[PDB]
Structure formats: C-alpha cells, structure tokens
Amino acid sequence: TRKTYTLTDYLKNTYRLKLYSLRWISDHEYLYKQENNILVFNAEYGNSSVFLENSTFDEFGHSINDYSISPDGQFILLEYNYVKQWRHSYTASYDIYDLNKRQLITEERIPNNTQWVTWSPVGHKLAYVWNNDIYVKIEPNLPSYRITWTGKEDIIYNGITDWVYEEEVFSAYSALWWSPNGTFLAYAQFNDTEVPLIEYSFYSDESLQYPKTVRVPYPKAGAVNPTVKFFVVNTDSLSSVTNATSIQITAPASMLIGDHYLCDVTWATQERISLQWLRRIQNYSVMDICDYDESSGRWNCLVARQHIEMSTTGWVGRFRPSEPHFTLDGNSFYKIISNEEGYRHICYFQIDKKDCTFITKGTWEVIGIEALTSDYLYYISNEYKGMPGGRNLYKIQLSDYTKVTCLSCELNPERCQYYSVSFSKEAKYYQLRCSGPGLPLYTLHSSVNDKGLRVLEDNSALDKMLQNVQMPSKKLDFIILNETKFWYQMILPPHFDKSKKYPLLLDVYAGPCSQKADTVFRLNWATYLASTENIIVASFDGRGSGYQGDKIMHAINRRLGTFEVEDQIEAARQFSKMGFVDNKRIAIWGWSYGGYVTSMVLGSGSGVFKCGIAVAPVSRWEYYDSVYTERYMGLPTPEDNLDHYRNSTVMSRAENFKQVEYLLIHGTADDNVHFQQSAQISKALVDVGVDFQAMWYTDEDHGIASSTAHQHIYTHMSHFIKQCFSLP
C-alpha cells in the first residue's frame, strides 16, 4: 500500500540525509553554516552568535564555492571560479575579507588560477601555489614573497603533487606543510621530466570544431616514475631584497640506492619534522626525524632517530605507511603498525629507540588514532562484538594499558555501530558521527567525564518521511571458508520471505584492503533494486579485504585477480545454495577495481552468473599507475612478476564470455582507469565473436558523476538488470 524507494527517488535525492558539518576553531568553539549564515557555537552550552551574515557578500559579483576563516578569526578566504582537476586537485580565484575593518582586501590579491592555498596553523600567514611555484604572504594586504622559481607545467611541481602522488600517495593536491606555529613552511618538489604522458581526446561543447587532446604525465606499471625532493623554508626571515633560501632534507642512503617515494610528512614540534620514505618495492619504509640547528641554519636527521618499517608478507601500511602521532615534547610518538600476528595495533616509540611497545592487541584492528593528550590516546577500532565492519571510539589510559574504555559502544547499540569523530583543538570536546545501521546521529561530548552534552542532528525529519516507504532491510553475517570467517551483507527486499526465491545481484569491489560488508546506512541504487525490484543485493569481503589482519589482506600479495575473484564466485555459490535465492538469476556488477573483478568473474567459466556489468574496469595491470599497481604486484619484468601481470588480464578470458550477458561502460575522459582498458576488453570480445552490450560516456571521468551522466548510467544499468532477471 505504501510507496517503494524508486529509481527516481535515488536519482532526484527525494530522501535526504541531514549532516552536521562543524569546524572547530579552538578548544571550546566551532563554526557551523545555517541558512547561508556562519554561526559560532560554544561547545559547553550550545549557545551561538552570528559570525558572518549571509548578506555580507550579496554584492560580491561571484558565486562563492567555499570559505576558510584564518586561525585567529581576523580574515576570511573566499574561494570562487572553482575548476575541478583530478580527484582532489582544482584551481580557483580567491579574495580575502578583513573581518574587523569589514572590507575586501584589494591590494596584492591572490592571483586567478591559484592551485592551492592554506593559512598558517596559527595567525594569518598564507602560502599559495600558482603556476607550480610557491608564494608566501605574511599579511593579507602585503606583497607575496616568491619561494620557488623552477615551477613548470607538467614537469616541475613545487608544493603541489603530480597525478600519481595526488591519487596514490597523499590523497591531496597540496604538498605544503606549515610548522605548528607557522615559522617554517615545509614542501615537496616533484620532477616528472621523463614520466610518459597518457593522451586522450576531450570533445567539449558541440561548438568545439576540433577535439582537444589532454596530455597527463602518468606512469603506468614499470614506467619511469617522478622523482621527489623535500625542502624547509623559514618564513620569519623572508626579504623583499633577496631570494628565499630553502633548506633541502635528503632521503636516507637506503632510499637513494634506487627508485623511492616520499610518503608522509608530520611536524613533531616547532623545530622537529618527521618524514617517511618508501622504496619503489613498497615493502620497506624509513622514517627520519629531523631537528633544526640554529647555529648552521640546517636540518639534521640523526641516524640514531631513524625507524624502519618493513613487511615480509606484503606491502607496508594499508595503502601507505601510517602517520605518527607525537607527544607534546616530540620525544616519543604513537603509530599504527602491523603486529607479529599481522593485526594493526598502536605501537609506542621513543624517537631514539629501535623497539616499540604495542599498547593495544587482539584479533581486531585499530582504524585510526584520533587525538592524544598526556593521559589518553583516543582511537577508532572494530574491536566491539568482533565485527570488522563496525567502528567505535575508545580511549586508552597512557599510564595503564589495561584501562581501555569504549566511548561510543553503548550510546545506542541498536542504531549506532559505525562511528567517526571530530575532536576540538586540545581534545576538550568531541563530536561523534554515527553513520549506521540506523539513521545517522550527530552528538557532542566533553572529554573530562565523557558527558553526552547534546544531540546535534538526529535525522528525525527523514525518519518521519521513511515511515511511509517500504524500505529494504540489511543483514550482516559471515560464512566460514577454510576455518576463517568472511563477512557478507545483503540488502533484502521489504516483507522478505525466506520461503520465496529472489534474484540476486552481487555488488563487488574486492580491491586490497576493501570493505563492502559493514554497518553503514546507505540510500543508493541497491536500496531501489531491493525496495522496488525485489532483488537481493549482496556484497562479500573475501581474501585481500581489509581490517581483519594481514593473513587475509596479504593473501593476494603479487597475485591480484586470483583469490579475491575466486572468493566472490565462492560467496555466490554459497548464496545460490540458500533457499531464498533463484540460482537461475544471479548477476554481478562493480565499478573500478570492482569492474575488473566483475569481468574476471564473468570470464572464469564458473557458470554461476547469468549476467554482469563492469563500469570503468581495469583490464590489464600494465595499464594502471605504478604506485598502486606495484604495491600489490611488484614490477612487470621477467626477473620480478611479469608472468603474473600477463596471466591476470580480462582479455585472456574473452572466450568464456560466450556463456554470459555482459554490459561494459566507460567514460571517454577517464584520466584514472584509461578508456584504453575497456577498449582492449571490447577488442578481445570482438576477436573471439562474443556479443555484449556497451556504453561510452562522452567527456565523463572515473566518477561518471555529472548530473545527466549519473542519471543516464543508472537508468541504463537498471534496464539491463531488469531484462536479465525477466522483470517488467
């Protein structure tokens, strides 16, 4: 009688989740945007004042994309003319507004096409990157000091990452790191001179007569990589008369012997910086701890303060070596590392001692360190109820490691099993964000006695809307394979009847350290397929999946396209044996790494799947970027792992596609998984005489996220699944 959650509801965002995105400005206040007005809230009492009125920039003459208030609250950086580049990179125009004199600064403006801008962490200094060079402004109205002069489009990047460092190393375009009080500005320089370019057509508006060719320095597996250098500049001794001196910090000898990466930069104190370097064979990393020397004006990294992190079973870290969390004096730090059982736990290190002490342990993992005080370390883990797909906040007493308190486990155990946290400047307060299994819940807490101060947002408006919809349910459980539990989830249709046989769609990702079985609440395409179309949408975390230790995660080391593909087939075989699944109607789909796995599964000859959809799939590891691919596969050389690079392609399985219905989709402007990857799959299928369905998306990238393309792709895939399952 009630309506179902339809494809139009998903595509038009009829049922919206409310958020509570705050920005901490001190240890007791935060900023929050309400009705376009920026308000300041007192954490203790919940009272607010207007920080900046929505009408302030009514005559600005530009649509403001974002804002950034200086740490001292005197200025506001206004971002406009936003032009997206890659996953994290973009260019924009900036204006600075003085909040005390209520005026826009008109002198010495930040230029247009600025690549990155950041306030110092204290006060109101600015550092920005323009034309691949770094500039520093001590005062917003004063002229800029040019820090670097070597910046060259597609070749020398100062203070910004190139394509592969942005995507695969830093998850950011910025390569600038201010010291804690803003004295020093540390930065990396990337050199892409001999990195080969990926080239692809961009069609643009119909008015463009000749297509443009986009050229991006992108190292594919085994190719020449960018090189890196690291520098530190004193921003307190800058001169208008003389050019700035940047002090270089060279990589340790164990890195300089061959290809390597800079993988982490973390300031320890006002005069101490730590850097982590990673070998191109990503199973060996080195942390250097460097001290400023006032007499020489140099940075010295003592060999007695060097820390090695290596792996004998795989690579180092989940995606990269983890960041250290230094104490106030910078003499020691806490870092998540894989223990002797292969589980990621917090280790406590002294800067000048080799052995660290694990402060946590068990067959579960620490996800992240969130805050550190002299008495407590706060962290997120999946310890609770032994559910790897759940997340809770804990605190550990630093004077007694046996004293671990869960801070979020029992707040609302039925509604909330997946949390993230935001602490105030000195951890006096924390905002907890519960993202499932129930509707998201945002709450504010004080650290002294872990008081639950108030509910910030409980999504009660959405809860009221959803009571009139026949919503699907979610089952999270496990199957046992070779004495190991592997978790899965199922999005079950409303009024689920275990005596009936439902078609099943296997939603796959299965990349290394992936997790597709979790307690998160989502309103997505699967919600529609289950609610309206009565399809079970299942996901499974097999070998190679994360947050369950290295025995599972490292099982696919040097062997992508093996165990993680076999385990999805095994999960479907097991689900197909369940009484509520129609074994004549099992489908599989995935995007990105999931598109590769879907294609490898469809080409396996298992006979389990009737049909499948691969969106922007990888097809051959030699076509993907060096940093990600080599982390798991090593090098594609006869002396390393070339035979497995050649055995793990989708193209080699083309003949096995004769038994399935396949839909292959890819954006023509995908800078990440190049269109080439799907162009080679289609050519191999054509060569063996296999019919299949295809769809290209003109000028769409890896996300196929423009409003019209997003609606079109999900509409096209819904027709395909429905046709496959004989659904009118």
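What we label the rigid core is the largest C-alpha set whose atoms superpose within 1.5 Å from one form to the other. Numbers follow the displayed sequence, beginning with 1.
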*Quick one: core-superposed, which stretch strays further from the shown model in 4 other deposited structures of this protein, 241 to 249 or 163 to 171? Go by RMS C-alpha distance.*
241 to 249
*Give, as the answer, the stretch of 501 to 509 and 292 to 300 that departs more from the shown form in 4 other deposited structures of this protein; the measure is RMS Cα distance after a core fit.*
292 to 300
*Per the PDB record, is the mean Cα temperature factor higher over 253 to 261 or over 427 to 435?*
253 to 261
*Averaging the C-alpha B factors as listed in the entry, name the stretch that ends up higher: 100 to 108 or 302 to 310.*
100 to 108
*Between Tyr593, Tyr94, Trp589, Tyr187, where does the Cα B-factor run highest in the record?*
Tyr94
*From the list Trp177, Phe202, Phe580, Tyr632, select the residue with the highest C-alpha B factor recorded in the entry.*
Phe580
*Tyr30, C-alpha B-factor rank within chain (lowest, middle or highest third)*: middle
*Comparing against every modelled residue in the chain, figure out the third that the C-alpha B-factor of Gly317 lands in (lowest, middle or highest).*
middle
*Of the three thirds of its chain by CA temperature factor, lowest, middle or highest, which one includes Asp58?*
highest
*Consider only the C-alpha atoms of the modelled residues in this chain, order them by B-factor as the entry records it, and name the third containing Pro494: lowest, middle or highest.*
highest
_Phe41 - which third its CA temperature factor falls in, relative to the rest of the chain_ = middle
